[PDB]
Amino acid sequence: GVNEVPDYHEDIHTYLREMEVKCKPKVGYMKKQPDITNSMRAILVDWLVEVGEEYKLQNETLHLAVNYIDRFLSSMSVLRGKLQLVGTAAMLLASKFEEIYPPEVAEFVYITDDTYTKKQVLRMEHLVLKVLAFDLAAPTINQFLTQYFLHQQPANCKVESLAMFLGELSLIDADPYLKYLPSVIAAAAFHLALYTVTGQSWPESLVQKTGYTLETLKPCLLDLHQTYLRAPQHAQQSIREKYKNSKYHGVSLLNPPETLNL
């Protein structure tokens, strides 16, 4: 019924497909940053994951925050001692956009463990707003995943939670995932999740919807498969920890397939 918005879901998908291009960070940005690295970004995103867990924020908020950090950093160079400040303003902003009850500024100063003052966080918020020019209604992996879920027959909670798990891991590593779009990562994550759990494949009904096939998903799907297999070893670990919870059906405990048989 109306919760799945039957009269508007296609129009909305179409609209999101348009905005994800306009809202895409620039892929080569980290090369042009003098003092921060891919690894320093990983550490930050992993931290924001803890923050989301710590304040029981929506997963959507997390994805939104990162989109903001990535776009801001596409046009602003930032010293390593200030990277966390950018992230904190971003997470503050994301919460204001997405949360019914967002944490208050005072709390955000607190989890930066008194590195930055309230003054700083607020000024930074303002700055992120100028650079993003208030364009905060961005498409994310989850906005797509959530529509893809409507295609499984019947719905499987293990599949749903695993796909969000794999989407979230992609947020951590700019190389390679900074070059795929939200909709394509979601699609890879959906397939990989579905195949892992049920043995089934990216279905004809999503080919109709998205235009993507396994052949057009293969390159992303191959990177995602690697990340999955190497996760227990990755230096960053908060997402694995987060998805052990019953909340997400403990999917991070599942065994990745040895092959994708593509």
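Numbering starts at 1 and follows the sequence shown.
Averaged over CA atoms, B-factors in the entry run higher in 249-257 than in the other of 249-257 and 7-15. Averaged over Cα atoms, the B-factor as recorded in the entry is higher for 145-153 than for the other of 145-153 and 187-195. Reading the B-factor column for the CA atoms of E204, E53, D35, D46 in the entry, the top value corresponds to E53. Highest CA B-factor among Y110, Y101, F72, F165, as stated in the entry: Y110.
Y212: CA B factor lies in the lowest third for its chain, per the PDB record.
Among the modelled residues of the chain, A106 sits in the highest third by CA temperature factor in this PDB entry.
Per the PDB record, residue ranking by Cα B-factor puts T115 in the highest third of the chain. When the CA B factors of the chain's modelled residues are split into thirds, the value for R41 lands in the middle one.
Ranked against the other modelled residues of its chain, the C-alpha B-factor of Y228 as given in the entry falls in the middle third.
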